[PDB]
Amino acid sequence: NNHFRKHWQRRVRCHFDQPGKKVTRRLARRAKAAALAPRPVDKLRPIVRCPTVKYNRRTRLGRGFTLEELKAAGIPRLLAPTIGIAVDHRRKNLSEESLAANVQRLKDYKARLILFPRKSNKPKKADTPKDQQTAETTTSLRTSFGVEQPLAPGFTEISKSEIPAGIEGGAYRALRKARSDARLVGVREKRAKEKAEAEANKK
Amino acid sequence: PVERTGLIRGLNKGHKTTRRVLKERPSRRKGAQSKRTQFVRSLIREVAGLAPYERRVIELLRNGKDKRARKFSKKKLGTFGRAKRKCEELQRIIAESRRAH
Amino acid sequence: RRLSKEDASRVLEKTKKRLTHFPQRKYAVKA
Amino acid sequence: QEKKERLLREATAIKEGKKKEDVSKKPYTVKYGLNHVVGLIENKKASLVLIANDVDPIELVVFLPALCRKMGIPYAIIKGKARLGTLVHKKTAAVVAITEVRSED
Amino acid sequence: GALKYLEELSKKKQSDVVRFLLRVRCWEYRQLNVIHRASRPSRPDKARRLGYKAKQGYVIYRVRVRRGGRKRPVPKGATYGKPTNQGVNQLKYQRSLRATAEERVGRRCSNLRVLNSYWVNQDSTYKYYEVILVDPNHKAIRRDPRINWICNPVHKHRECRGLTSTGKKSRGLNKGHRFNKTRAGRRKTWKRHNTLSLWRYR
Amino acid sequence: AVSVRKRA
RNA sequence: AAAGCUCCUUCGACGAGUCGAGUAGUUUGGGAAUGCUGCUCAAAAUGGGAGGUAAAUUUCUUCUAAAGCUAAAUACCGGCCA
RNA sequence: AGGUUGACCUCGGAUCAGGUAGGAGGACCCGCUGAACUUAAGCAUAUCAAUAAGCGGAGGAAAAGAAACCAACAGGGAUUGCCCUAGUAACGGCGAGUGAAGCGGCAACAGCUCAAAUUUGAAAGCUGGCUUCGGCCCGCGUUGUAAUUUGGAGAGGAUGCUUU
């Protein structure tokens, strides 16, 4: 399987700098945290559901909140990236569940948000007052606002009186019937059109 | 939108969720005819006239050889849909000239 | 041959308006 | 110089607490600039259009007689883009137009 | 504006008026020099949409390049290796004649930066282009934030490195599955796919 | 009349 | 003076020898589905591109080319310091 | 004076006023051009290899980059790189061999600017020269420099609060 018929020795990449690169990344993170203090080092991310039939069982963090989500949560799209909320204009909301989850996420963020004034001597109405400016703060939105329930709960208990009756004919029979209908949706429509044409011709 | 069945296979398959309708995105407005744009296009059309292949197609439509005209428009423009649309536009031009005369 | 500091720091007037009315704010998030 | 004097008078009126419309009257000038004149023709505001006969490239004005004919504007082709520039205080004007004039004219 | 009418007229290149103008302009450009300065763009709508502004520091240069393929500079037009089953007459240059025109105009004006270029005319022997150039040392250019990015040293000779529009088209810098081998750099992608990555705890 | 946009 | 939010009858410009087609060379895992270049033809306005088997018909889903800028994570047998 | 006097356009001159380019370095980077030895029993497909050599152009990184994308899902959402996908889909004389991408986890994250609009109740824009540093001139420019708008929208209205 493995072959080396090219000049492989010119492009061998060793990784002796792995601990040094970890040290460099940690130093850069400490510098970024010190520069961004007291803000969190990262932005708030929405909860999105992974595509394809393999990964649609699980949710994860997305790029940014949609314009509909920001408008429903009451945050203007120009103020939102200035208080650590990531914005994504490409994503759309095709169902209300994702929007409801992300709007509730935005409202919890806005409730836990502290906003210092631009000028300390002149606070504004939208600004957090100084007597509530002192509170315990978090520095990682990925940890404080993580995907808390990524999968569905795999185990639930119900009473024996509340058992579903079940699909009539059986679930295997239902799957076979659905597959057969999907394969024969076209020829039945053609036969219906042919029968309608024959009835119109010989009514 | 049609509600999904909740099954893994068949017609309208997929996990059951309530679809919402969205306001139409302005990036999808492309292709819509504007009043100023169609005015400018009509003015430039009457100023510039026709290409020689369009004149040949118009002569073919005037003689009524529609199949030969469609084949000629296909071999000129490259593809069948463009040929059909160009032939329809030249039908519109010839009908306009005939109703003018 | 490098650009001067003023020419490097010149911004458009639309950008000036946006940075005037929506700058980077100082914020914190309660735990 | 005339604009500078008008601006000084308007600044004096603003300082004395009067609008610039109280000290300045509604101007009446010829209209120039190709985009501006084409917009006025499309909005059917221009009363008369004069097009220079020697615009290079000619595509800038080759549609203008047809546009004026469709809009119902009186147009005329005249000799001298430099001659029109002498009107509009420039070296060269491709097209000029009148939308409206004073009552004595 | 008039430039909408100029755009819709420039779309109709087989009309009588456009063919007449192209013919007389081809005659004029063929009796002019191969590379010569144009006092103004002959296609103002195309120049304006490609970035030309009527400001000091914007230069237009007209250029003609010989069209067709390329030939290998081998003795007697023949190769002395394995048979290739094809002649040197049918070898195709991997860049555009537009890109060749931009390179020659940049070499003529090495003090400017090439912004873009556009087709103006052609005949059997030559293709004619007009190239927009920007002066990085002009104060009007340096004070304008919409253009002063070109004064930075990273934009020296974009036409020589494929950073113009025709260079991007020839390098295939587009998103998607049709451009899997070239969207991030062909040789960089090849080196990434051919490198042997060995970790410490493997 | 032909207008590019609604004006004030 | 500029700026944001909310709602709406209406309007809502969006890049052409360019896309695309054929052909040849080259290239690709894309020698039925790849990209690039040269030659010939050469567009349109809910239009156009894509949806890896050719053609037609009817739908659908996704973006919005032919103008442009932009730090970080990435590379480093050259230079300097350790 | 009109056989005169000028205005534009185009093309020139000057050791004119002010600038800029070349060469070096080239480990890494962006392109062009481009082999053969080798491996296929030999050998014109192939392989080596879209490599070596050759040529052009940058920087401390370069390049790419905010979808004419992936997908077909309950949909993701600029670029780059690592792990995985995967020696898989796929391509291939007489077969030696070649060989991705979507998803997923992670490092790092950041978004924007034009052209296509009439400022038209006032080119509001700008290079250069002289300054008494207030400004004044020679000009560029209406074949369009400012403000406004970029599809995520926006233009017009209506409306009442916020902002610098």
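Per chain, numbering begins at 1; letters A, B, ... match sequence-line order.
- Residue A:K92 places a side-chain atom within donor-acceptor reach of the base of H:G77, judged by atom type and a 3.5 Å distance cut-off alone.
- More than 12 heavy atoms of other residues, nucleotides or ligands lie within 6.0 Å of CZ in A:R60, so this atom counts as buried by the packing criterion.
- Contacts between residues 153-160 of chain E and RNA chain H, counted as heavy-atom distances below 4.0 Å, involve E:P153, E:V154, E:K156, E:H157, E:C160.
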Contacts under 3.5 Å, N or O only, protein and nucleotides 36-40 of chain G:
| from | atom 1 | to | atom 2 | distance (Å) |
| --- | --- | --- | --- | --- |
| G:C36 | OP1 | E:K169 | NZ | 3.1 |
| G:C36 | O2' | E:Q94 | O | 3.2 |
| G:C36 | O2' | E:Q94 | OE1 | 3.0 |
| G:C36 | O2 | E:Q94 | OE1 | 3.3 |
| G:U37 | OP1 | E:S170 | OG | 3.1 |
| G:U37 | OP2 | E:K169 | NZ | 2.9 |
| G:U37 | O4' | E:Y93 | O | 3.4 |
| G:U37 | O2' | E:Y93 | O | 2.4 |
| G:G38 | OP1 | E:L97 | N | 3.4 |
| G:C39 | OP1 | E:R67 | NE | 2.5 |
| G:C39 | OP1 | E:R67 | NH2 | 2.9 |
| G:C39 | OP2 | E:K127 | NZ | 3.3 |
| G:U40 | OP2 | E:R67 | NH2 | 3.0 |

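- Comment: E:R113 does not engage E:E159 in a salt bridge, judged by the lack of any side-chain N to carboxylate O separation of less than 4.0 angstrom.
- Qualifying salt bridge (charged side-chain N to carboxylate O under 4.0 Å, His left out) partners for B:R36, counting only residues two or more places apart in sequence or in other chains: D:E42.
- In this structure, the side chain to side chain donor-acceptor pair (under 3.5 Å) partners of E:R183, at least two apart in sequence or on a different chain, are E:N180.
- Heavy atoms of A:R10 sit nowhere under 4.0 angstrom from any nucleic acid atom.
- A donor-acceptor contact shorter than 3.5 Å is absent between the side chain of E:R67 and the backbone of E:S124.
- Contact check of residues 47-64 of chain A against RNA chain G (heavy atom, cut-off under 4.0 Å) returns no residues at all.
- Nearest-nucleotide assignment on RNA chain H puts the 5′-proximal partner with E:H36, out of E:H36 and E:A54.
- Ionic pairing of E:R95 and E:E103 is present here: one or more N-O contacts between side-chain nitrogen and carboxylate oxygen are shorter than 4.0 angstrom.
- For H:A124 with H:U145, the Watson-Crick or G-U wobble criterion holds, each of the two distances under 3.5 Å.
- Side-chain to base pairing of E:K175 with H:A67: one donor and one acceptor N or O lie within less than 3.5 Å of each other.
- Side-chain N/O atoms of D:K31 and base N/O atoms of H:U119 include no donor-acceptor pair closer than 3.5 Å.
- The stretch residues 2-12 of chain E touches RNA chain H through E:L3, E:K4, each having a heavy atom under 4.0 angstrom from the strand.
- Comparing the same atom, P, in G:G52 and in H:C70 gives a spacing of 11 Å after rounding to whole Å.
- Each of A:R13 and E:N180 has a nearest nucleotide on RNA chain G; the 5'-most of these lies closest to E:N180.
- Using a 4.0 Å heavy-atom criterion, one finds that D:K79 contacts no nucleic acid atom at all.
- Applying the 3.5 Å distance criterion, the base of G:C19 shares a donor-acceptor pair with the side chain of B:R82.
- Distances from the side chain of C:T20 to the nucleotides H:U113, H:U164, G:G47 place H:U164 closest.
- For E:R19, the CZ atom sits in a loose shell: 12 or fewer heavy atoms of surrounding residues, nucleotides or ligands are nearer than 6.0 Å.
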Which pairs, protein N/O on one side and nucleotides 130-139 of chain H N/O on the other, fall under 3.5 Å?
none

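- Look at the P atom in both H:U113 and H:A67: the space between them is 13 Å, to the nearest Å.
- Among the atoms of the strands shown, base atoms are found under 4.0 Å from some heavy atom of D:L60.
- Listed in residue order, the members of residues 39-51 of chain E having a heavy atom less than 4.0 Å from RNA chain G are E:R43, E:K46, E:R49, E:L50.
- Every residue meeting the ring pair (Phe, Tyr, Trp, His ring centres under 6.0 Å) condition with E:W199, not counting sequence neighbours, appears here in chain and number order: A:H15.
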With 3.5 Å as the limit, what N/O pairs link the protein to nucleotides 78-82 of chain G?
none

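- If you check H:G125 against H:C140, you find a Watson-Crick or G-U wobble pair, both contacts below 3.5 Å.
- Judged by closest nucleotide on RNA chain G, F:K6 is the one of F:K6 and B:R29 placed further toward the 5' end.
- Looking at heavy-atom distances under 4.0 Å, A:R25 makes contact with sugar-phosphate atoms alone, never a base.
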Could you list, one pair per line, each protein nitrogen or oxygen that sits under 3.5 Å from a nitrogen or oxygen of nucleotides 13-15 of chain H, together with the distance?
none

Check the interface with nucleotides 56-58 of chain G: list each N/O to N/O pair with the protein under 3.5 Å, or write none.
| from | atom 1 | to | atom 2 | distance (Å) |
| --- | --- | --- | --- | --- |
| G:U57 | OP1 | B:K84 | NZ | 2.9 |

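- A negative value of the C1'-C2'-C3'-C4' torsion places the sugar of H:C133 in the southern pucker family.
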